[PDB]
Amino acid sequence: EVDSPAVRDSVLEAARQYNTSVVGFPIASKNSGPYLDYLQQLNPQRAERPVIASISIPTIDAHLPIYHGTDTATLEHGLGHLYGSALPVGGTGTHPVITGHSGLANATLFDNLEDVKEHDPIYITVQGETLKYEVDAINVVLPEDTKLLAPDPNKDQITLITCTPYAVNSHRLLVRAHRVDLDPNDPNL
């Protein structure tokens, strides 16, 4: 059964193993061996567009699916995981980058990522498990300025990225967060 603890445990372990192979950060033929392996991760049901994880950001009332990659069509319907960053299964040394659109008239998506503040919680649910992160940095940068996406071998971090669609020139909003302990009774779960 896809939802069994045995399967979920194996899929999580497989994704942690995949993550050991991620050595840079994003600064790809979908037929390459590594991209094909990426697409098999977090997808024991072997579906074509699986939801790999979901994210909750209660301070902006956002609850959204995350998919593999950053195809145009994907980002009209949810969040994209940036290939070349770790999959969002936690671990010291990992730095998943999760992207979403702002401004699309029919879908809120990351429209309000700009209203997230320092210390706000972010919850990632993946293969039945929930990981809690807390916001520690908020930066608006030029789209080529990607230094802040680097992994740090002693931290378990994530960055959520969106565009600044009201600005005349293109920029990116980067909201960085670090792993924290999860209270089992946390209201938000």
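Numbering starts at 1 and follows the sequence shown.
Trainee: Between residue 27 and residue 28, how many deposited residues lack coordinates (none, 1 to 3, 4 to 9, 10 or more)?
Mentor: Some 4 to 9 residues are missing between them.
Trainee: Where do the C-alpha atoms have the higher mean temperature factor in this entry, in 14-22 or in 174-182?
Mentor: The entry gives the higher C-alpha B-factor average to 174-182.
Trainee: Using only the Cα atoms and their B-factors as the entry lists them, report which of 126-134 and 146-154 averages higher.
Mentor: Comparing 126-134 with 146-154, the higher mean C-alpha B-factor belongs to 146-154.
Trainee: Report the option among 31, 162, 43, 54 whose CA atom has the maximum B-factor in the deposited record.
Mentor: Checking the PDB record, the top C-alpha B-factor among 31, 162, 43, 54 is at 31.
Trainee: For residue 81, return the chain-relative third of its C-alpha B-factor as stated in the PDB record: lowest, middle or highest.
Mentor: CA B-factor rank for residue 81: lowest third.
Trainee: Compared with the other modelled residues in the chain, in which third is the CA B-factor of residue 103?
Mentor: Its C-alpha B-factor belongs to the highest third of this chain's values.
Trainee: According to the PDB entry, is the CA B factor of residue 60 in the bottom, middle or top third of its chain, that is, lowest, middle or highest?
Mentor: Residue 60: CA B-factor falls in the middle third of its chain.
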